[PDB]
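Below is one structure; the comments refer to it alone.
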Amino acid sequence: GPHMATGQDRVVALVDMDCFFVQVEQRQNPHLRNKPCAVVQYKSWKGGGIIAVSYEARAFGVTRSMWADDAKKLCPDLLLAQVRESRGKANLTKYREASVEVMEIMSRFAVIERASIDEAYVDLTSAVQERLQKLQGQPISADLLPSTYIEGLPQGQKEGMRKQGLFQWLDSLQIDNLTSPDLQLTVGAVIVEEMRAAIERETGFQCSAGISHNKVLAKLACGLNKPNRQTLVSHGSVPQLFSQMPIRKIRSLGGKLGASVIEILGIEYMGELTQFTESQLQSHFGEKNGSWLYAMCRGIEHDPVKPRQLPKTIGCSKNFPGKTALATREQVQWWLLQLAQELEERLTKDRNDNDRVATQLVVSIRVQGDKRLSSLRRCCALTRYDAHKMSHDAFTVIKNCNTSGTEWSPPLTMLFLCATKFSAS
DNA sequence: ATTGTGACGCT
Ligand SMILES: Nc1nc2c(ncn2[C@H]2C[C@H](O)[C@@H](COP(=O)(O)NP(=O)(O)OP(=O)(O)O)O2)c(=O)[nH]1
Ligand SMILES: [Mn+2]
Ligand SMILES: [Mn+2]
């Protein structure tokens, strides 16, 4: 009853850019705007692998992880932009820099947690309190929410339905109670409209967002009405929303754990989890996961928005599939040097921009015929931003994997160099 | 022959 805390203390948003790499390329090349297009990596093998797809191209069935040649079968007029290649590998610098543009705008409104190259969580609780006190009890006009959907409304064309649901929501609002969670979410949504307007004005990029009381619901909400819209998921919307929500749609349950929840419990949807005790869930999935699942199926999650705008690691990876797998010593050395040169460039720029230095270098490899994505992972000291030294140390750290009696065997199908353990400088 | 990352948990 009164003592069952409902996890309505916070206002959290998740902002995620729409078809991000495509928008970056469309901004640079106006011929690509408002067209079916996609961004690929490489080009020789089946036209390259697609990593981002405009919404126009998605209507033809083009998806991420498709080969461009196959996508062209679905979409013969598909336009393609290629990721930059430097030193024989994909170079994602243009998109990392675009990301920083967006992150810097978001950071003006509130402390953010970078969650990927194109998305961040925002803790808006303090900003909402400030705005509520500034409103001095003034109601909230629908004009302030021009791109907001209220999940689960209306009850009882697309734009018309959106505005009907928004009117139902706004007429139901108790504007006098500065502590109403629903009001707090609404004011959050007003701020997020302003944030998304600023992002689009100042970068040209459109994005969607979710507003709810925690990160998992905010991330789920964001995807409900993409592209170029934001979605408010209130605490009261959760039972209906979860009643037909496949468990795999929830962040962290899209893999083996979610499959085991489904198989062991004999359920399909998030809402069915409510019928199990906390102890039952802890028994099957462990104490942490069990407590998390017990609260999350009731809409409650406590994971904080971490104050972290910069990546915690800076890494460089390249696959060598099939007959391109590295089978000589000179090959492994040359590719370790290419990787180290890109790493050195990114680290030197990171030091100048962010006043920090990495102190540990992680070397990861895959060997041909190995089932695992990473065969060996070994760390050494990173004492100097020098590509030649980083590559020699990575080699020193992996060389005892070679079983040849000049050659390399088994051949290497992946190299990975990652700088970690940053320290102020 | 999805590839290139990046966060985080387990032991
Ligand atoms: N290298 C690489 N980059 C990737 C991969 N997957 C995604 N990216 C890059 C390209 C993506 O643009 C970007 C952001 O990933 P999302 O937010 O998951 N997708 P988006 O913003 O495209 O569309 P939506 O409107 O549905 O959010 O990350 C990958 O497997 N490899
Ligand atoms: Mn995105
Ligand atoms: Mn994203």
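What you see below is based on every heavy atom in this structure, not just the backbone, and it leaves out hydrogens, waters and symmetry mates. All chains are named by letter (A, B, ...) in the order of the sequence lines, taking the proteins before the strands, and each is independently numbered beginning at 1.
Applying the salt bridge (charged side-chain N to carboxylate O under 4.0 Å, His left out) test to residues at least two apart or on different chains, the pairs with a partner in residues 386-412 of chain A are A/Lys389-A/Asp393.
The salt bridge (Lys or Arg N to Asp or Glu O under 4.0 Å) check on A/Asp182 picks up nothing, with sequence neighbours excluded.
Here A/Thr324 lies in heavy-atom contact (under 4.0 Å) with a base.
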Nucleotide by nucleotide, 5' to 3', does protein get under 4.0 Å of the base (B), only the sugar-phosphate (S), or neither (-) in nucleotides 4-11 of chain B, counting heavy atoms?
SSSSS-S-
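Using bins of under 30°, 30° to 60° and over 60° for the plane-to-plane angle, the ring pair A/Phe20/A/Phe205 lands in the perpendicular bin.
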Dump the intermediate steps for side-chain hydrogen bond (donor to acceptor under 3.5 Å, both in side chains) on A/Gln282 and A/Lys288, then the final yes or no.
CA-CA 7 Å; A/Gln282 287 178 322; A/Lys288 225 191 264 220; over 6 Å; no
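Atom CD of A/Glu151 is separated from atom OG of A/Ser237 by 6.0 Å, given to the nearest 0.5 angstrom.
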